[PDB]
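Below: one structure in structure tokens.
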Amino acid sequence: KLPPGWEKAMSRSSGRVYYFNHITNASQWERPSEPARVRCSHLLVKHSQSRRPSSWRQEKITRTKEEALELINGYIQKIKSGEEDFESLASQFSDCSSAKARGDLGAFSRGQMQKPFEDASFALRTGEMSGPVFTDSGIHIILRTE
Ligand SMILES: N=C(N)NCCC[C@H](NC(=O)[C@@H]1CCC/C1=C/[C@H](COP(=O)(O)O)NC=O)C(N)=O
């Protein structure tokens, strides 16, 4: 009957059905198939409207929300085609401190992370990746590892 968050959608360019998750922003052709804690890695792209417009990559972050989203889109594209792996992109490009640990955040339960991240994280199954997930930090790609 489809896991939490998943809905059937119709492709504009091909007419083929696909599946979309409105919690994680994941989308795929394939038909998809709770814990106390999950472990996730993430790649963060911050923007001018981030709660802290600063990171290890640059002192003053000034890119716009729309620009950050386009970077996130491009990374997802490289991950999905296997041009670059997630961990590699997070180490190089995530505006989070967890970049030094390949995006890994360790384990966490509900009530610890900003709500959109948390919900997305818990709706992923082990091994799955999110689409763009928006929080006050910026835009995330989430990978559930455990
Ligand atoms: N148990 C653990 N590890 N502590 C959870 C408490 C921190 C938590 N953080 C976040 O929710 C954002 C979203 C997902 C990752 C994340 C990372 C942020 C991003 O960097 P910032 O926007 O702050 O500059 N870094 C936090 O220092 C929060 N309640 O604000």
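Among what's in region 103-135 and is near the ligand (Cβ under 7 Å from one of its atoms) and part of a loop (DSSP other than H, G, I, E, B), pick the residue that is nearest to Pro53 (Cα to Cα).
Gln114
Out of the residues in region 83-97 meeting the condition of being in a loop (DSSP other than H, G, I, E, B) and under 14 Å from the mean Cα position of the chain (by Cα), tell me which one is surrounded by the most Cβ atoms within 10 Å (Cβ to Cβ). Talk me through it step by step, then tell me what you get.
To start, the set of residues in region 83-97 that are in a loop (DSSP other than H, G, I, E, B) comprises 83-85, 94-96.
Now restrict to residues that are under 14 Å from the mean Cα position of the chain (by Cα): 85, 94-96.
Values: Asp85: 13, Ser94: 26, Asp95: 24, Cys96: 22.
The extreme case among them is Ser94.
Quick check on region 50-62: of everything there that is within 11 Å of the ligand (Cβ to nearest atom) and surrounded by 13 or more Cβ atoms within 10 Å (Cβ to Cβ), which residue is farthest from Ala123 (Cα to Cα)? So that I can check it myself, show each step before the final result.
Within region 50-62, the first condition is being within 11 Å of the ligand (Cβ to nearest atom), and the residues that meet it are 50-56, 61.
Those left that are additionally surrounded by 13 or more Cβ atoms within 10 Å (Cβ to Cβ): 50, 53, 55, 61.
Values: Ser50: 24, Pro53: 28, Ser55: 28, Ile61: 30 Å.
Residue satisfying both the conditions and the ranking: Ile61.
Picking from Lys100, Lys80, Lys65, which residue would you name as being under 19 Å from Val133 (Cα atoms), within 16 Å of the ligand (Cβ to nearest atom) and either exposed (fewer than 13 other Cβ atoms within 10 Å of the Cβ) or basic (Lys, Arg) (or both)?
Values: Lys100 fails: under 19 Å from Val133 (Cα atoms); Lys80 fails: within 16 Å of the ligand (Cβ to nearest atom).
One residue alone meets the criteria, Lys65.
Find all pairs meeting these conditions: Cβ atoms under 6 angstrom apart; at least six residues apart or on different chains; first residue within region 89-100 and closer than 17 Å to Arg63 by Cα; second residue charged (D, E, K, R) and within 14 Å of the ligand (Cβ to nearest atom).
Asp95/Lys46; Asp95/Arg57
Take the residues in region 136-146 that are in contact with a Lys or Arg (Cβ under 9 Å, 6 or more places away or on another chain) and under 23 Å from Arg52 (Cβ atoms), then tell me which one is nearest to the ligand (Cβ to nearest atom).
First, the residues of region 136-146 that are in contact with a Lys or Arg (Cβ under 9 Å, 6 or more places away or on another chain): 136-139, 144-146.
Going one step further and asking which of them are under 23 Å from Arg52 (Cβ atoms), we end up with 136-139.
Values: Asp136: 7, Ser137: 3, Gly138: 7, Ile139: 11 Å.
Here the answer is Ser137.
Any residue that is assigned to a loop (DSSP other than H, G, I, E, B), touching a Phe, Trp or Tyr at 6+ places or on another chain (Cβ under 6 Å) and away from the ligand (no atom under 16 Å from the Cβ) - is there at least one of those in region 10-21? Give the steps one after another, and end with the answer.
Residues of region 10-21 assigned to a loop (DSSP other than H, G, I, E, B): 11-16.
Adding the requirement that they be touching a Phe, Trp or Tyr at 6+ places or on another chain (Cβ under 6 Å) leaves 11.
Then drop every residue that is not away from the ligand (no atom under 16 Å from the Cβ), which leaves 11.
Yes.
FYI the Cβ positions are ideal-geometry reconstructions off the backbone, even for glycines, and counts take in every protein chain you see. Rule-based calculations on the coordinates, nothing more; no lab input.
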